[PDB]
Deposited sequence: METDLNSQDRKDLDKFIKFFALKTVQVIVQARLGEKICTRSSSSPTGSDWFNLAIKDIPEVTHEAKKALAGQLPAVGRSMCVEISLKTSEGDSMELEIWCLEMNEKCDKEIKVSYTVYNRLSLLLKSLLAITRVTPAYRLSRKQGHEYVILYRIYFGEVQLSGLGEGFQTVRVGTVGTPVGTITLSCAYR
């Protein structure tokens, strides 16, 4: 089992991973190029050793959605990327989904093995968010992109029959296995 602060550090890691996930996704659909500087002398806000600037409005949107809860079996967190054209027609481009299965794992050191793997998964997410079809559409902007974070219950059928999905990646923790992916039309 996990010691008392093993459980709390893990919970702090999952939270900030989830908050960083929404930043990356929203910053990748924002319309412009993203550039952050490396740094040999770290800062106390660069979670997972990655320079990701926070947008305050997005943090607040993220936190209200989670309502201080973290994802778990049944409770997943979803970022909906949608398009509203000037004709008012709205459609979801992608639904990014941060889930948690019950396949636990007491064999990983919570402190810094889970931490570094959450970090790699964020790096995969930076790569993946650039090479799904909504990325190129978001860099041209007629139509604008909208983002909405919710904490379900994920529901995807609005994307339309035949949608595709890509696995961003997977991280095992003593509380379960973190799955992150994108269903995209």
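Chemist: In sequence order, which deposited residues have no C-alpha?
Modeler: Going by the record, the segments left unmodelled (no C-alpha atoms) fall at 1 to 3, 145 to 146.
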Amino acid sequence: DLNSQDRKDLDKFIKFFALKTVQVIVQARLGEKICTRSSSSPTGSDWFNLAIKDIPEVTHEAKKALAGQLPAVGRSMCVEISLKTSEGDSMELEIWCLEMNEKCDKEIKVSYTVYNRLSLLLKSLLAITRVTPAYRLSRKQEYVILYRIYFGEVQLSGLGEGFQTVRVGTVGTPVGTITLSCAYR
From here on, numbers count along this sequence of modelled residues.
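Rigid core: the largest C-alpha set superposing within 1.5 Å between the two forms.
Chemist: Comparing C-alpha positions in 6 other deposited structures of this protein against this form, with the rigid core used for the fit, which stretch differs more, 75 to 83 or 99 to 107?
Modeler: The answer is 99 to 107, which departs more from the shown form in 6 other deposited structures of this protein.
Chemist: Once the rigid core is matched, which of the two stretches, 60 to 68 or 40 to 48, lies farther off on average in 6 other deposited structures of this protein by C-alpha?
Modeler: Relative to the shown form, the greater RMS C-alpha distance in 6 other deposited structures of this protein belongs to 40 to 48.
Chemist: Read off the CA B-factors in the entry, average them over 166 to 174 and over 18 to 26, and name the higher stretch.
Modeler: Between 166 to 174 and 18 to 26, it is 166 to 174.
Chemist: Look up the CA B-factors in the entry and say which stretch, 123 to 131 or 36 to 44, has the higher mean.
Modeler: On average, C-alpha B-factors are higher across 36 to 44.
Chemist: Quick check on the deposited entry: does the C-alpha B-factor of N116 sit in the lowest, middle or highest third of its chain?
Modeler: It falls in the middle third of the chain.
Chemist: Using only modelled residues of the chain, where does the Cα B factor of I108 rank: lowest third, middle third or highest third?
Modeler: Tercile = highest for this residue's CA B-factor.
Chemist: Sorting the chain's modelled residues by C-alpha B-factor, tell me whether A51 ends up in the lowest, middle or highest third.
Modeler: Lowest third - that is where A51 ends up once the chain's C-alpha B-factors are sorted.
Chemist: Relative to the other modelled residues in the chain, which third contains the C-alpha temperature factor of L98: lowest, middle or highest?
Modeler: It belongs to the middle third of the chain when residues are ordered by C-alpha B-factor.
Chemist: Which third of the chain holds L2 when residues are ordered by C-alpha B factor: lowest, middle or highest?
Modeler: CA B-factor rank for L2: highest third.
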